[PDB]
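Enquirer: This one's experimental. Sequence and coordinates below.
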Amino acid sequence: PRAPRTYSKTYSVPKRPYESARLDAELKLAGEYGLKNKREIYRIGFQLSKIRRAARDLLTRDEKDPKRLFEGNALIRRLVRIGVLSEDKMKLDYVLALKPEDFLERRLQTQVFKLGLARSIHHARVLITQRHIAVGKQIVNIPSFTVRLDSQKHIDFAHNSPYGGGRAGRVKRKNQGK
Amino acid sequence: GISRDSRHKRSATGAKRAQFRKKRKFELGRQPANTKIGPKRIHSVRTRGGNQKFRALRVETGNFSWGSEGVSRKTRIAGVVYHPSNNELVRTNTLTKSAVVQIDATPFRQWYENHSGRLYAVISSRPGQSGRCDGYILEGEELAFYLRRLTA
Amino acid sequence: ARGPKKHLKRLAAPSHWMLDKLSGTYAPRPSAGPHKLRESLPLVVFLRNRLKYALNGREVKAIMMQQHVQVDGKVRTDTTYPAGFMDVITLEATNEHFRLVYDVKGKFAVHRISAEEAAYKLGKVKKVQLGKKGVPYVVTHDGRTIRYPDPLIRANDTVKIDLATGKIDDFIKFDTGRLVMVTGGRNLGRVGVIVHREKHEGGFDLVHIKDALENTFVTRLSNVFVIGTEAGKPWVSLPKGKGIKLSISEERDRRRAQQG
RNA sequence: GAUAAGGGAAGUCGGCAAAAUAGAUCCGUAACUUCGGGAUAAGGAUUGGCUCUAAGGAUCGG
RNA sequence: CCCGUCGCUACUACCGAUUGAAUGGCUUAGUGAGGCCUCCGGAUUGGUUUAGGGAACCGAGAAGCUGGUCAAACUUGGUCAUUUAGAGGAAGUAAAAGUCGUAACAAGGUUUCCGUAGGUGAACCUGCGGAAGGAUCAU
RNA sequence: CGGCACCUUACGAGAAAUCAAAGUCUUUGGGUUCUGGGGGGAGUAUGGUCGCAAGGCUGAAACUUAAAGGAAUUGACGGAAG
RNA sequence: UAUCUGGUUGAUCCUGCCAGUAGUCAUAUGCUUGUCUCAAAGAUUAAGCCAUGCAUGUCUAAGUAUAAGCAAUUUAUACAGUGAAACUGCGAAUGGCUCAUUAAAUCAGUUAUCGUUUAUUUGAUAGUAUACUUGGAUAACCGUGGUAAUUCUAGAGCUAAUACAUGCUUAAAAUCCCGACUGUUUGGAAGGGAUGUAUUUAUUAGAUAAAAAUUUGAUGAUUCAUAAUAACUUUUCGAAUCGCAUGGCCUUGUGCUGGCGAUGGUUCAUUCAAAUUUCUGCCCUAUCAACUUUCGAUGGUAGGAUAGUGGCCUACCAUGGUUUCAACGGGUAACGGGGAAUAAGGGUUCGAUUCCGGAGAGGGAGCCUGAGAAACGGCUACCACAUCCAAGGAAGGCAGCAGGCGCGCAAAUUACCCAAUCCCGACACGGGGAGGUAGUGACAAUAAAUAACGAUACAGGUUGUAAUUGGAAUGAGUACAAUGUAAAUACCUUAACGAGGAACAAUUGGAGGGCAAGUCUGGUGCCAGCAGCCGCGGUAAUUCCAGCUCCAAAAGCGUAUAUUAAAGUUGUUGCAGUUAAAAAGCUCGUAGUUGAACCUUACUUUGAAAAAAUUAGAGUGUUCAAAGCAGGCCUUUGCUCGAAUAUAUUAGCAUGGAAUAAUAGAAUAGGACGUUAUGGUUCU
């Protein structure tokens, strides 16, 4: 038959379902960033856990190793490129010191809210889901779209959105047309 | 069908090997020809790859070579007189390789003139393969050994 | 099983064809021909996946059925014809000539050549022995048999075939210092000079080859193809990159500078 | 004293009487056992005539 | 606190006359389909082809036939393996704490335990030799 | 020097009783043999093997159960002592 | 994330298990279910049984055309275009399915064929000592038929070939044999035969260590390639074939010559293959310790058979071969492997299943054709099932696709298509249930709605809500349309419609502890029940049945089994054995393991190898992501980075090092050097 298509899980659940300290930390962090559920935190923890695993593996290797230099520089460059890691912490020792709030800072919902296009973070999420926000000249309706630094300045309302120069929406057109 | 595979046998340690696969055509076998002496009758057999083999069922004459003079003539053969494998073949006059036969001496005599009427020969051909009973003439120590074995 | 196989699953195809996983279940099974199955490039792959002149197999079949494609100076209409190493493909309708030479990355480069260079090819002598009527002959790497060779020709040499008469123009003796391309292993596509040949009777002879960057590697003698009389003097045009192997970090730096 | 279609102990107190087996070579041989047996256990194959082949010895001669 | 016969109920496994039964594999022996090879065979059917009525003699060649070879399948016997019936016998566990006693835990009222051998409704008792995990690290 | 032991301490070990080994064992590796994997069923059944026999060696499963057990503390009790 | 917590007691510290907890490319099942992408699916039990339909056919200018087929009169009165039927060629041995058997068997890595067969593809290769071109069958076809019945076929009348069976055409020499005559110092010769290539023998070349008294190939290795001599052969084949163009020379002839192609053909080489084959490596079991050898078991000699090696088989002859370093036997709810789950490391469990290798088509066995089959969508026979019958007979093989029954805890449509991927055929054109597309599909995976923002009123600390008041936004859904596609569906775009209880209403399990969340209200009263465990329940139950409230995860949540972690409760890393379970009663002792110091290998480094897929990982805005291997450039009659790389690991190969650990050496010297030491015996 045809070749298999690869797929993988993007999260992992905690081993202890009920732990007040972890439940409160997750709920507080979800309330701060307007997340729908805990799986988006499991996803962030999973991808940071594998970034850390890669960094740990390179850090156990000797310095000046060609492989350590190549994949470590690629991973650091990617993290600076995606804005999670600051420009003054390119040492592969601060990657282990990285935290989930660094990744949650770079979400589209967070950047739109911090750019003022929405009243609150939940208004930011509904603005994204309702196809009003465009990054560059492309409409993005995924709240978890991680905004790069070079894409940061091009976040604005979609040109065909009611809030961005488009025609009036269904409700307004129904009201003003009567 | 007769086959050559070692699957039917048991291992060196004695273990009875189980049934692995059914018999394959690419290892078959066929019956011995048992060449006799009589009017030249050969049957061609369709072998693997499109080749052809010629069973010598019975033959009368084949070419025999005198090694000392480098001369090969087609001459009659009387019968097989000594066979290291089986004496039943000697008794029933079955022509196979390594079998001592007696040949008509007239062509070798006539060549000798131009340059007991039956000469000994050893068939080197494989009649069950090619259909020819071709051999050479005993001379020297080979001759002495076979004559000692024949007379006893 | 009961006879020769006629299909090739896409996942089981040679990796240097660079076929995609999801384009289908099967891959083109190369026909019998001058080159081995694993070391060849079918014309459907060359004309559709590499040059992208044809968009699909119906078009490659229409192209070849209009008599456009010639390999080594003869018209081929077999869509699965096994084109291989050093073969010359000429499409005079588009006025294009290609030579199939490995690049240092292990794949068949798209290396265009002039018609004058497309008028010949090189072949590695595999064996010298006597034919019928006691006539010696040479077998090259693409299965060619050339009669009445130069009595100095021995195994592992390379001859230059006129490719229009099938005769031998001239040859190169196998010796220290000759330019070589590797035709097998993980050093596929690399070009260098012989420094020292280490023999192993009853086994596989090993050849030590030095890169243009003074990198030394060892490979089996069966993977060595002489392409020039000395360093920097190949008998065929080399593909882009000149057979110099760069580390992955150096390649990353070069691509970054080239793209900005 | 013999033989007998089909059945095969239905006869009779009861297989009484008769039948069946039977020499030799080769194969194979259970429970149990006091380890000695049971054992020819049970159960199978072969056997003529003729023409051959092979093996097995004695006395002399260094 | 606790041990055990005995009585009732339920469940599990074991032994057990029945030369018990059933299913599957391997195999001795007998019979043996079919194909293949070989040996003859020679329906008819062409002429090496010759003939003033035609006498021939050459080839191909079907059925069939002889002897071998591979060998399906059936019957009998042996053996292995897995399920399963069984009068009766002897256990184990659970339930309730029904009867009889009080063997053990205190020197448990005969110190206890181990090996062995007898005896006895039952726990158990007794002999012989050990142990302290003793009720003595000691005169 | 070799033995049979003993007295004190605990650097150290151990759940503790205690231990000159039961120490040098999460700072885990000197060499080597045997045995156990919750309690029962059970050293039972079956097969094998040794034995004159008694029995010995090897040795299950079905089923059942939430503990059984080790060392020590306080109390209660003793037909034990002061 | 290298984690633990509840349960033995009046209370304590332990051993230890039971219970809790999380994942599963791990299956089933319950409740529930809005969106996008991706996508498994009658393996498990029964390799149990199958109705029906389909799944393998095929023609170019180029094999054979008098279809009484179509079409037009045209460069054509031999045919000539197109083209059924048949004969011929090729394919049908690929693919697809399944995992019953199978434990040195398959398989993996690594080897060998100087031990063989090989259609086809691609190169070479053939002047060999009636010719203006040989025969007679046969199909289709016409018309007589028999049977109830089948892809049954028989008589009669035709006719063809690249079918079948036969056959010449040719260089120039040269060489060899026999040899009348002749020369007569050993020569010359008329006349007869033979030369290419295949077969089968026998005998010769096929050389190659360096000065004095003309050739000869390869290999690590050959009796190799090849040549020569003497013969042999129910004598192999060295084109009686087919299409397009029609050219050149004139000694005015249907004269002599010739261009591109089809197909075919011998041998060698190549390629696609096949078959054997070296080394090392497989789960449980000793309640399997000896097995193999009648009637092949191990080896020797000769033969037969094979494509070939080989006890593969036969004849004769020896008594060998394996084994406690586990042979042999038994079991497997066993195809092997790439791989999958979980995992600090080491490990444990799984692998029917997308790829490779093997085997099979109800169970056996035997075969034809063919290069290739012991083939089953081929045949013959038996056994078991099973279909029609007029009972005379005939026909079967879904572990292919779909579909039906059974079995079960367990698994979908008797759909569309050759458009993509490729395969087959005489082939640009036909065919392909291979494959693709859609249907069913909560197996798993990715992303992601169920609302958002103001004002009052209050409470509240310059702002978070709790309610009743507004105006905005939107997709689920429906749809013109375009895109998509073979045609559709769906996705994506997009006119018009589409939200206040925005009823367009989120569920599954729980609230004593473990374990997050009630000592609230009502009901029962050791009942009903809950409860993985401890326990709760006998009239104010924090535990049952309900209402309210609350907790966890959420388009998912719960339950069962297996497995992994937890489990240092399998312990090599890494357990315990005085008393919790566990040192044999005590010594000897073989295999095994380990062995004081001192001056051939093993080990270790590097290289080559370990298929693709999978894993890790570089690049790359699929709108993000899972993924994919794409893509990017001022908009291009074109320019242009890519598709890395690691890891594999036992066995084999090459290499450097000589510690560590083995092994050998000169004790009756049977020792080492004399390179040009002195002689003697030889061999090339």
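Expert: Yep, that arrived. Residues are numbered from 1 along each chain as shown, chains lettered A, B, ... in the order given.

Enquirer: Next, count neighbours for the residue in chain A that RNA strand E sits nearest to.
Expert: The minimum distance from chain A to RNA strand E, using CB to the nearest atom of the strand, falls at residue A:18 (35.3 Å). For the C-beta atoms, the positions are set from N, CA and C on the backbone; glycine is no exception. For residue A:18, the neighbour count with other CB atoms under 10 Å in any protein chain shown is 7.

Enquirer: what's the answer for residue C:258, then?
Expert: 7.

Enquirer: and it, what element?
Expert: Residue C:258 belongs to helix C:248-259 when assigned by DSSP states H and E.

Enquirer: Please apply the same query to residue A:29.
Expert: Counting by DSSP H and E, residue A:29 is found in helix A:20-33.

Enquirer: Report the buried residues of that helix.
Expert: A:26, A:29, A:30, A:33 (16 or more other CB atoms under 10 Å in any protein chain shown).

Enquirer: Let me see the contact set for the first one.
Expert: Going back to what we said before, that points to residue A:26. A:38, A:41 (CB atoms under 8 Å, 6 or more residues apart in numbering or on different chains).

Enquirer: separation between it and RNA strand G?
Expert: 6 Å (CB to the nearest atom of the strand, to the nearest Å).

Enquirer: wait, is residue B:94 part of a helix?
Expert: No: secondary structure of residue B:94 (DSSP: H, G, I helix; E, B strand; the rest coil): coil, not part of a helix.

Enquirer: does it really touch residue B:38, like I thought?
Expert: No: using CB atoms under 8 Å, residue B:94 makes no contact with residue B:38, being 11.9 Å away.

Enquirer: And the two? Which one has more around it.
Expert: For residue B:94 versus residue B:38, neighbours defined as other CB under 10 Å are more numerous around residue B:94 (21 against 11).

Enquirer: Okay, and the residue nearest to that one when sequence neighbours are not counted sits in which element?
Expert: Residue nearest to residue B:94 in three dimensions, not counting chain neighbours: residue B:34, with 5.6 Å by CB to CB, 6 or more residues apart in numbering or on different chains. If you go by DSSP H and E, residue B:34 is not part of any helix or strand.

Enquirer: what number of residues lie near residue B:34?
Expert: Around residue B:34 there are 16 other residues, counting by other CB under 10 Å.

Enquirer: Would you check that it makes contact with residue B:88?
Expert: No: using CB under 8 Å, residue B:34 is not in contact with residue B:88, being 10.6 Å away.

Enquirer: shared neighbours, these two?
Expert: residue B:94.

Enquirer: what's near enough to touch the closest residue to residue C:106 other than its chain neighbours?
Expert: Nearest residue to residue C:106, sequence neighbours excluded (CB to CB, 6+ apart): residue C:188, at 4.4 Å. By CB under 8 Å, 6+ apart, the residues touching residue C:188 are C:102, C:106, C:182, C:223.

Enquirer: which residue ranges form the helices in the stretch 51-200 of chain C?
Expert: For the stretch 51-200 of chain C, the helices defined by DSSP state H, counting those that start in this stretch occupy C:57-65.

Enquirer: Number of residues surrounding residue 114?
Expert: In the absence of a named chain, chain A is used. 13.

Enquirer: my question was about chain C
Expert: 9.

Enquirer: Double-check it against residue C:97; I have them as touching.
Expert: Yes: between residue C:114 and residue C:97 there is a contact at 6.4 Å, judged by CB under 8 Å.

Enquirer: contact partners of stretch C:52-60?
Expert: With CB under 8 Å, 6+ apart, stretch C:52-60 has contacts from C:43, C:44, C:47, C:48, C:62, C:63, C:79, C:94.

Enquirer: rerun at 6 Å
Expert: When contacts are defined by CB atoms under 6 Å, 6 or more residues apart in numbering or on different chains, stretch C:52-60 is touched by residues C:44, C:47, C:48, C:63, C:79.

Enquirer: host element of residue C:201?
Expert: Residue C:201 belongs to no helix or strand, assigned by DSSP H and E.

Enquirer: wait, residue C:149 sits on residue C:139?
Expert: No: using CB atoms under 6 Å, residue C:149 is not in contact with residue C:139, being 10.2 Å away.

Enquirer: which of the residues in the helix holding residue C:258 are buried?
Expert: Buried residues in helix C:248-259 (16+ other CB under 10 Å): none.

Enquirer: same thing with stretch C:122-141?
Expert: Buried-residue list, stretch C:122-141, by 16+ other CB under 10 Å: C:122, C:123, C:124, C:125, C:126, C:137, C:138, C:139, C:140, C:141.

Enquirer: Same check on stretch A:130-147?
Expert: A:132, A:133, A:134, A:135, A:139, A:140, A:143, A:145, A:146, A:147.

Enquirer: Who are the packing partners of the biggest helix by length in chain A?
Expert: In chain A, with assignment by DSSP state H, the single longest helix is helix A:39-60. When contacts are defined as 3 or more CB pairs under 6 Å, 6 or more residues apart in numbering or on different chains; DSSP states H and E, helix A:39-60 packs onto helix A:100-105.
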